[PDB]
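Fold and geometry: a report
The residues making up each chain are set out below.
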Amino acid sequence: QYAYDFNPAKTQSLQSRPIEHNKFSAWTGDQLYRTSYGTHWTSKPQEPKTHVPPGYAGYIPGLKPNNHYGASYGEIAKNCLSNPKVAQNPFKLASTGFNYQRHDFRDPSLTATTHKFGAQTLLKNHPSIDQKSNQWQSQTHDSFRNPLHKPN
Amino acid sequence: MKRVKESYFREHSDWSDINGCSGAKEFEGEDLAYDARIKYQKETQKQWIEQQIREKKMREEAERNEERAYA
Amino acid sequence: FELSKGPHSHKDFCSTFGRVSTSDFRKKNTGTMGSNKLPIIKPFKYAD
Amino acid sequence: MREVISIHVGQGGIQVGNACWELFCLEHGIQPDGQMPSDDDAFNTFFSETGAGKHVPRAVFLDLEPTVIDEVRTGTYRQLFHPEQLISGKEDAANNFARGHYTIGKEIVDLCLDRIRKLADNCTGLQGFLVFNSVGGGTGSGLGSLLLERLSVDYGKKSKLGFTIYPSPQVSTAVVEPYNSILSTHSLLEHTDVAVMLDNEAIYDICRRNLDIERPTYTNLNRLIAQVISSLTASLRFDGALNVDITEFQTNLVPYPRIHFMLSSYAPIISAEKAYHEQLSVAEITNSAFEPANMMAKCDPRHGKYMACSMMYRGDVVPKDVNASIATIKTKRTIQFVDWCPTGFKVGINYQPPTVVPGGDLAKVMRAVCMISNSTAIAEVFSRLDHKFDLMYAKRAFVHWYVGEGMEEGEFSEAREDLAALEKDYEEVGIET
Amino acid sequence: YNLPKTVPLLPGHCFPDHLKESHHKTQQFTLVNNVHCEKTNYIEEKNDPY
Amino acid sequence: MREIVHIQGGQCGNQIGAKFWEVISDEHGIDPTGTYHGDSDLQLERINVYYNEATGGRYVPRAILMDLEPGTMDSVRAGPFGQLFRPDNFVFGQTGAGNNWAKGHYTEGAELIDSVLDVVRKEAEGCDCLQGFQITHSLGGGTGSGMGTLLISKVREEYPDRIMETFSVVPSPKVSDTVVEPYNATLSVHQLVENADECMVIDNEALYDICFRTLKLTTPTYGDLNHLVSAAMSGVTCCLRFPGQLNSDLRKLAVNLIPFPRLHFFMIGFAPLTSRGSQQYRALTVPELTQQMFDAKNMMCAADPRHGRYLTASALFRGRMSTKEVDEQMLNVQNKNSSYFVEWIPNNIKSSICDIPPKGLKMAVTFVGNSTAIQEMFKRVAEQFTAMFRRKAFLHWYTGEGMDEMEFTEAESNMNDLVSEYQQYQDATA
Amino acid sequence: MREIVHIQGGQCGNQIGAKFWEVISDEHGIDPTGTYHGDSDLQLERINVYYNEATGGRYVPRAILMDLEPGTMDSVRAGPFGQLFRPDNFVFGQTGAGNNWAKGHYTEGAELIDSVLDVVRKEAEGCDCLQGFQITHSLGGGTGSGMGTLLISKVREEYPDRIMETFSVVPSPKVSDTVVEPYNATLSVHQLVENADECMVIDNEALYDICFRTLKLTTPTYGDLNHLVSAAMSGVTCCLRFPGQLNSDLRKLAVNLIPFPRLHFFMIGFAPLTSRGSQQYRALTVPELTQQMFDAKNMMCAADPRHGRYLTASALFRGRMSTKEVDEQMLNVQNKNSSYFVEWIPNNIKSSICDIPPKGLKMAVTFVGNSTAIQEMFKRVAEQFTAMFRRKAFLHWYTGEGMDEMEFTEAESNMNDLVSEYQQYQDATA
Ligand SMILES: Nc1nc2c(ncn2[C@@H]2O[C@H](COP(=O)(O)OP(=O)(O)OP(=O)(O)O)[C@@H](O)[C@H]2O)c(=O)[nH]1
Ligand SMILES: Nc1nc2c(ncn2[C@@H]2O[C@H](COP(=O)(O)OP(=O)(O)O)[C@@H](O)[C@H]2O)c(=O)[nH]1
Ligand SMILES: Nc1nc2c(ncn2[C@@H]2O[C@H](COP(=O)(O)OP(=O)(O)O)[C@@H](O)[C@H]2O)c(=O)[nH]1
Ligand SMILES: [Mg+2]
């Protein structure tokens, strides 16, 4: 009838089977998942924190750079956590470093020492229009969030 | 602490239930419910194993999923 | 207290990563598989 | 009216108190946020009403390494505990008992005692303190010693219990832990009312043999110790036909003031794959409790005499079956009691069935037994730790790490002597008249 | 019935033949500087825009 | 459980292992890419005996290949089923052997064997509960008969409790394959006799005779010879891997087979074997199998067993048969030929049964025998050695790297003595 | 809390840091522009340990680059991740040391070191709670091996309670890159033994051997070598930055690894490392991790470990695993090799677990082993130093900046005494 064949079930080579593609993170659905808690109630990575109790210690981002004025520690933490930024890429650089030459490092005046000046103004990380009085900012009447609302 | 239950399974009796019992004729310690009681409880007890078996089996399958992904 | 062990045991000096002449060889029957000779007789107790 | 205060120090103490407090909340029906869902004063032993809704535990957490405490306050139980009773330092003692007893613990002991005062003044019928500590760790041992010595004079006759976790005979984590273990033992000998042995190897063997889990983790152990504590303490917050308290331990299990180290056992511990495929009768569970391989401490009771046994049954057990089992235990020859103890059994019975935690391993059974034995076989672990300590102390290894932190060089000598005196007392008591 | 679709190997069924067009032996195993090393055949892919 | 690791050396060992491994892979239903594709559940219960585990659920053999020249392993890697073995399991030199026992045992093997020792010892500590080692080599070559024997000795001083088996291809002079074969043969046997727990001898002349007369096929090849000996290899250990009425592992075989420690040489055979033109006339039954096993020509050794008396023998059956037929046929053959069995032991035959037959067959059987007739090979090789050593021919090659004639004298004396006590038991009476 | 600052000097140290900061930025999800891009909350919780925060939401490493010549700094600035470092942190001379220990430790380094000491003092005072300092440098070069060590001494005798860790690239003699290596290596070790809390020795030859034998990649380079060193560097402090079953910081490792004050020279190792031809075949389990960790060829030093007895060992695991397997495997490897573990300190291995593995893997192992086998490197260095110093070769060059040979004699006597007393404990018995 016929001779002897080697491969059963006609398994095609992983060599020529399709092409590689972007599921590098196939296993890292839970790679940044603690187990001190975790695996006690949940099995999926914890959502980012929004509130912290007093004396939380490690590095709430907002506080140190721009000195936050007189307000409760938890209040400041909640504000500077719920604020935007602290994430998302406008430049779209990767954390690995393979994408370093996608974006050229530019700092958006013409310095000229021929006759006068040449000091150049400061960088665009300082306030405008927001100049407003402290008694004004601190002293408003009721048009705030309700301190004790929490709908049930 | 307190002694609320005379025995684990049954509470105290209502005053109407204890009508005589001045003479040692009714003790209530004779059950008349023991065999049916154990027969009933064993069934719910097998049920606890039954549910626990699916819980453990699902946990094991979830564990195996991770190795499948990492491969 | 003793825990006498027979065939395999678990203690070794040179198990995993130990290892760092033409004149010398095995003479006649030093090998374990040779030496067709038996030990000496003991009356023995049994009954205990 | 009756309360007990929990003290947790060290990474082991924190990671076991976590499982203990999860189990307590689940048993009393308290949601993780601290309030009864959205749809009885027995909780009062462990918790206290704030008046408006939620309940705050009567416990304190201590550490010098902020990672664990930060992890707690980031977890889901963040709203449960009071924000300022989870005391965390800045620098870890780094397995050094001298650092935790003379250098850095003294700046945190004052805050801890202040919190203990602010917590104890609230209670009115204070039963006692429980303490959890890893004995083989620097900060754990040092801070445990400091708190026990401070409390012994601050409160006096109040009962204190210690659930110490001694190093295993052959497998362990650190290499310097015998020094800390011996020093802490010297400290606790004259300062704790009750000590319970909880070495890891015995629990490892129990889990491997019975749970049929080939790759267990610290969480399973913590769940087992939590279950043991709950079984011990259920007699103050549940009704029972025959009740026992904390004060009903030093009155039944302590033949002499120096002898207060006991070792525990639990039954039944069966995986749900074969859990109820046997009848789980009171006789067989109480026999498995006394079986030597079941003991929660890596010791063989067959090598010594029995001093006293306290057994707590919970569930659907009945006193007549308890006595019937006791008769068989006394009849059995493999186990023998000391000469001067005609009867050595104290029995407590409770009606609350054990509760099961989701994601757990054990099966929720109608009947369970937890056994605490004081026996003369305990000397073996002390003997082997003694050998391990003297082996290194012969050549003065690692001695500089303790001399340079303010500890006098001869402090080792009297700890060694006190261990020797402990074997003195134990082997002297163990002989017949 | 279910007859075997192919030959099952037995002491008298393999029937090897050595009549090929050309017999050449490929040098796969390489020892350099007292270190064993191999050619990476059966592992090469071709190209992609990644 | 009670798994065995495989190690092979030389061209002979490499080819034999290459054939044996594809035989085992076919038996266990493993594809050339290492992924199981079998149908029955029993094929996966005891798979850890010969195969390890990898990520992705694939299997790799626990085999080690050693050589002084990478030519043989280079040829075998490109063959079918060549992707199962691992590159770290290959160890190779760069100088060759030159068919010199001293070269392969004192100067290059001595400095090369460290790596292969590391590999095999790593595998041994990796496996859960080791059962023993099996070797495949030929004594007529340099690298094999030197380095394999040295490795045997070394692993013996390290694992004295484990079992050791060798498949030894002794040279018969009619197939004169190497002029300097007597030196290598006598030294190799001398070294082997005090270390190897079991040895089974294979003769190329016997294989040639089997292929010519039994299979009756025109053009046999070394592939066919290797496949025969590989079937013989798998037959002895089938019982350890598959269930049966009576379990029997190599330790039990040794215990029931060798009476005295200095007699651990066996001669083997396999059944059934039929030609294409004689499979339609032969019936397949236990009497046929038991008739074919004891046939003198069917034996896989040049020795003629009817010239001597069987000391002990053993049979390993495969398939579903009846202990009725097994035992009654064995008693029948032991009773009708009483002259060919030594008198001071009755029931000198061990029998074992495994219920899984080889693929494509109903019943099979493997015969292994310790009989006093193998002394013919030893006597003949001894007379060859002494005749060609009387004139000190070829001796300078061995002497040039430190060896001395006193070791030659001791080895030949040991072999002669072994012949003496091995023969004196033939005439022993009760 | 308990954060550390980075100081690096010489071209070797600069190249090490160039990849160390790269891998740390990858681990914490920081772009080349310094903006946070982390994917979970973990990459941001403890980021203050290595990174300072700046207005505008950007991050700056707390690193100090310190050197006598600007070529390597100006080259490393232009590479990827080269914009992170603050321009003020660069301190550089204009001449260089010319591989003179004298030039790099007395005449120009001491003059330049005022500014770098000022900036290090500023950085240390700015951060709230110090943990210690870590340095990377090579001992075969003048400017590094002198001026880095002078800074080591100055920093130590200001902050004796803070821990000091050093990664020293000691020069193997088989592949020598500078002919005056023994002189400045001896002069550097003499100063290092008196002030460094932990010294971790790294051998270029050992890295070369690892790159050939394990990865089996054809053309490795200094980039891959630096990346290996950086991975080993991060494996030590990973558990300081991530939560785990058992936290273990630098002070804990120091307490648990050095029995005596002068024995603080460590050999490290990283696992798993496998060739891409074998990445699909090895199965990641704790037994494989520990087997590769304790392998002799996997050590980052030319000192062969099995020439002596391990004084102490430490293992740091990264990933989520059962403490069962870690502890039982460690006990097994300790029991199976009782010959190579000193017996008067039982249970001489410490272990730690961290929950966050390196990106792209589930399990990783970092090993630090204090063993007596490292005395070979000191013996060889001393032999070369005394052979070269007996004829006063190259000696006028060091004596031409005020140095005298009595310092050479003092340093060589110090190393000789260290070797003698370090071997003293090898043969000690109970
Ligand atoms: N059963 C159990 N044992 C633990 C646990 N945590 C720590 N241990 C034991 O504690 C010993 C080390 O001490 P740790 O508790 O980890 O640390 P510490 O007590 O806080 O002391 P430091 O390390 O100096 O901070 C280990 O050998 C463990 O056996 C735990 O959660 N469960
Ligand atoms: N049965 C069998 N015998 C072989 C094979 N290859 C070689 N031989 C025999 O081995 C002898 C030569 O052995 P040799 O190659 O020198 O062994 P080596 O030195 O270890 O490589 C010859 O007599 C051959 O008959 C084989 O594949 N099968
Ligand atoms: N690992 C590693 N070693 C290096 C590198 N560059 C140089 N080396 C080693 O450093 C030694 C020479 O050091 P040298 O340049 O004199 O150091 P310097 O005096 O501080 O500039 C050589 O032996 C090299 O092996 C590198 O990029 N990586
Ligand atoms: Mg700790």
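What counts, and at which threshold
Residues numbered from 1 in each chain as written, not as in the entry; some residues may be left out. Chains lettered and ligands numbered in written order. Part of a larger assembly, values for the part shown. Heavy atoms only, no water. Helix = DSSP H or I, 4+ residues; strand = E, 2+ residues; numbered from the N terminus. Buried < 20%, exposed > 50% of the residue type's maximum accessible area, 1.4 Å probe, protein only. Areas by Shrake-Rupley, 256 points an atom, 1.4 Å probe, with all protein chains shown as cover. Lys, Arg positive; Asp, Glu negative; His and termini not counted. Charge placed at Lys NZ, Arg CZ, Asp CG, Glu CD. Patch = residues over 30% accessible without salt bridge, like charges linked within 9 Å, V, L, I, M, F, W, Y side chains within 5 Å. Salt bridge = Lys/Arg side-chain N within 4 Å of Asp/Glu carboxyl O. Near = heavy atom within 4 Å. Polar contact = N/O pair within 3.5 Å; in protein donor to acceptor, adjacent residues only side chain to side chain. Nonpolar A, V, L, I, M, F, W, Y, C, P; charged D, E, K, R; others polar. Contact = heavy atoms within 4.5 Å. Buried area = accessible area lost by both parts, 1.4 Å probe. Pairing = 2+ DSSP bridges. Right-handed = clockwise from strand over helix to strand, strands pointing away. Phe/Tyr/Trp six-rings, centres within 6.5 Å; stacked < 30°, edge-to-face > 60°. Arc of directions from axis to C-beta. Core = buried A, V, L, I, M, F, W, Y, C linked by side-chain atoms within 4.5 Å.

As recorded in the PDB header, cryo-EM is the method behind this entry, and the stated resolution is 4.1 Å.

What follows is about the overall build of chain B. Tallying secondary structure elements over chain B gives 1 helix and 0 strands in all. In terms of principal-axis extent, the alpha carbons of chain B reach across some 80 × 30 × 15 Å. Relative to its full complement of 71 residues, chain B shows a buried share of 6%. Surface exposure of chain B reaches about 6,400 Å², of which carbon and sulfur atoms provide 53%. Computed over 15 positive and 17 negative side-chain charges, the inter-centroid distance for chain B is 4 Å.

So, on to the overall build of chain A. Helix and strand counts for chain A come out as 2 helices and 0 strands. Dimensions of chain A, computed from the C-alpha atoms along their principal axes, are close to 100 × 65 × 30 Å. Within chain A, the proportion of its 152 residues that are buried is 16%. Accessible area for chain A stands at about 13,000 Å²; split by element, carbon and sulfur atoms hold 56% of it. Here chain A contributes 17 positively and 9 negatively charged side chains, and the mean placements of these two sets differ by 4 Å.

Negative charge collects at one region of the surface, where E20 of chain A together with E44, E45 and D48 of chain E lie side by side. Tracing the chain through its elements places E44 of chain E in the segment after β2 (35-38).

Time to look at the site of ligand 3. All names here are of chain G. Near ligand 3 lie 14 residues; those nearest to it are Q11, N99, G144, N204 and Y222. With respect to ligand 3, the side chain of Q11 contributes an N or O atom lying 2.3 Å from an oxygen atom. Between ligand 3 and the protein, one listed contact pairs an oxygen atom with a side-chain N or O atom of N99 at 3.0 Å. Contact with the protein chains hides 84% of the accessible area of ligand 3, taken as 590 Å² for the molecule alone. The set of elements that each furnish at least two residues to the shell around ligand 3 consists of α1 (10-28), α6 (142-156) and α9 (222-241). Here the shell around ligand 3 gets 4 residues from one element, more than from any other, and that element is α1. For the shell around ligand 3, the per-class residue count stands at 2 nonpolar, 11 polar and 1 charged.

One pass over the structure, following the stated rule, counts 58 salt bridges over all chains. In this structure, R99 of chain D and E405 of chain D form a salt bridge, with 3.8 Å as the shortest nitrogen-oxygen distance. Placement of the pair is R99 of chain D in helix α3 (residues 97-103) and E405 of chain D in the loop between α12 (399-403) and α13 (411-429), with a sequence separation of 306 residues. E405 of chain D sits in the partly exposed class, given a relative accessible area of 25%. In this structure, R306 of chain G engages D304 of chain G in a salt bridge whose closest nitrogen and oxygen atoms are separated by 3.3 Å.

Before going further, it helps to spend a moment on the interface of chain D and chain G. Contacts between chain D and chain G engage 35 residues on the former and 37 residues on the latter. For the chain D and chain G pair, buried surface summed over both sides reaches about 3,600 Å², with 57% attributable to carbon and sulfur atoms. At the boundary of chain D and chain G, one finds 5 salt bridges. With a shortest N-O distance of 3.7 Å, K252 of chain G and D92 of chain D are connected by a salt bridge. Remark: the boundary between chain D and chain G carries 15 residue pairs in polar contact. Elements with a contribution of two residues or more to the side of chain D that touches chain G: α1 (10-28), α2 (66-74), α11 (379-393) and α12 of chain D. Tallied by class, the residues present in the side of chain D that touches chain G amount to 15 nonpolar, 9 polar and 11 charged.

Here we take up the pairing of strand β9 (residues 349-354) of chain F. Residue and element names in this part refer to chain F. Counting buried positions along β9 yields 5 of 6 residues, so the element is predominantly enclosed. Where strand β8 (residues 310-318) and β9 come together, 6 bridges link them in parallel fashion. Across the sheet, the residue bridging to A313 is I349, located in β9. Between the parallel elements β8 and β9, the chain passes through helix α11 (residues 323-336) in a crossover that is right-handed.

Inspection of the secondary structure assignment puts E38 of chain E in strand β2. Its relative accessible area of 27% is what places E38 of chain E among the partly exposed residues. The sequence separation of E38 of chain E and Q28 of chain E amounts to 10 residues, and the corresponding C-alpha distance is 6.1 Å. In this view, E38 of chain E contacts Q28, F29 and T30 of chain E together with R77 and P87 of chain F; residues no more than four positions away in its chain are not counted.

Glancing now at the packing of aromatic side chains. Evaluated as defined, the whole model comprises 81 aromatic pairs over all chains. Plain terms: the ring middles of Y306 of chain D and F337 of chain D are 5.8 Å apart, the flat faces sit at 40° to each other, and that makes the pair tilted. Taken together, the residues span a long stretch of sequence, with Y306 of chain D in strand β10 (residues 306-315) and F337 of chain D in the loop between α10 (319-331) and β11 (345-350) at a distance of 31 residues. The interplanar angle of 75° and the centroid separation of 5.8 Å between the aromatic rings of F20 of chain F and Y50 of chain F together place this pair among those described as edge-to-face. In this pair, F20 of chain F is assigned in helix α1 (residues 10-27) and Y50 of chain F in the loop between α1 and β2 (63-67), connecting sequence segments 30 residues apart. You can call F20 of chain F buried: its relative accessible area is 0%. Joined through ring pairs, the aromatic side chains of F29 of chain E together with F20, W21, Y50, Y51, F85, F90 and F92 of chain F make up one cluster.

The next thing to look at is helix α11 (residues 286-293) of chain G. All names here are of chain G. The complete set of buried residues in α11 reads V286, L289, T290, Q292 and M293. Down the axis of α11, the buried set is contained in an arc of 165°. They therefore lie on one face. Where α11 is buried, its residues meet β9 (265-271), β10 (310-318), α12 (323-336) and β12 (364-371).

Taken together, 20 residues surround ligand 1, and among them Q15, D92, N95 and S134 of chain D together with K252 of chain G come closest. The backbone of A94 of chain D places a nitrogen or oxygen atom 3.5 Å from an oxygen atom of ligand 1. Note that an oxygen atom of ligand 1 is positioned 3.5 Å from one of the backbone N or O atoms of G138 of chain D. Coverage of ligand 1 by the protein chains reaches 93% of its 620 Å² of free accessible surface. The element that contributes the greatest number of residues to the shell around ligand 1 is α1 of chain D, accounting for 4 residues.

This next bit is on a nonpolar patch on the surface. Judged by side-chain polarity, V179, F394 and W397 of chain F come together as a nonpolar surface patch covering roughly 370 Å² of accessible area. Locating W397 of chain F in the fold gives a position in helix α13 (residues 395-399).

Grouped together as the largest cluster of nonpolar side chains are 105 residues, with contacts concentrated most on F261 of chain D together with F317 of chain G. Beyond its immediate sequence surroundings of up to four residues, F261 of chain D is in contact with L188, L189, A195, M197, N374, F382, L422 and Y426 of chain D. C207, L221, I229 and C370 of chain D belong to the second largest nonpolar core, which has 54 residues in total.

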